[PDB]
């Protein structure tokens, strides 16, 4: 605890001084024990509001494992089935292949990102998704979830369901599926199925408390830049084209619930979901819990580069060596474009969480590599 904290703070002091990071919250738990839980830097640089351990964050893709858990909870009760056609819940979500034909898309294809769906960010401006007006869920658009899905459904699949892997809007699709199966709006379903059962009281999709949030910043010279609605931020090499951010999205009741990018939460709440995933204290049947954490795509998917497969909740480490990491085989990992990164090294009983207000340093920048290496020292 003291030796680990020494290394992590050294990384944090350097990134803060180097104006590469505005503020963050990082927690390291081992077998349920908190070894590190510290707020760093600032939440709102202009107001001079220091970051706090329970400051709220726009989760972006950190929303995925939480929403994925809700899907699995419904599967466990038989309200959903891994092999069931998505059309049972979304009668009109019938995307076609490039040749015009209509394939079967199961709950399984969606949770694994093997359905053939994609994201606007994969190609950006001028692409098919850009022409059809498909949103990735991080911006604020004047239309609902059903509209976005209709636009999405009209884009051709990149490949046949199950024949490949591609990061996509599948979790946003599953969000609509959850609403149908549950009869409740997504926030209420997630609360009932995951949040409440796990004691996550500080999360949701729409907040009325801006004073509690970490104001989003993006990488910049000679210091990160405070985000505003509409800012398109180019993604790093091999990460896609760009992301259009809408920091006010979280306070707008009219922003449709994004199952792949629209929740907010505190670091303690996210940790709760990750610990549930890690230790499965009777939260899900064991076989389903094992399948969800196992690689369901193949190392060939290279989800975070070589050595990484993908399950029902995130990337799964199949090959530490090919991935160039000290993490053990079976490690679960993913992040969020707002500047977040997390991983559960199952063998070590470790849950490592990094939530930040600096996109993309806190997601893929050197910061993430230095913190990971410091935890392994």
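Residue numbers count along the first chain shown, from 1.
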Original post:
Per the PDB record, is the mean Cα temperature factor higher over 58 to 66 or over 321 to 329?
Top reply: 321 to 329
Subject >> Entry-level comparison of average CA B-factors, 253 to 261 and 127 to 135, reporting the higher stretch >> reply: 127 to 135
Subject >> Residue with highest C-alpha B-factor in the PDB entry, from 117, 301, 105, 75 >> reply: 301
Original post:
When the CA B-factors of 187, 271, 231, 291 are compared as recorded in the entry, which is the largest?
Top reply: 231
**OP:** Please rank the C-alpha B-factors of the chain's modelled residues and tell me whether residue 161 sits in the lowest, middle or highest third.
**Re:** lowest
Original post:
Among the modelled residues of its chain, does the C-alpha B-factor of residue 45 lie in the lowest, middle or highest third?
Top reply: highest
Original post:
Lowest, middle or highest third: where is residue 247 by Cα B-factor in its chain?
Top reply: middle
Original post:
Should residue 109 be placed in the lowest, middle or highest third of its chain by the C-alpha B factor in the entry?
Top reply: lowest
Original post:
Sorting the chain's CA B-factors, does residue 193 end up in the lowest, middle or highest third?
Top reply: lowest
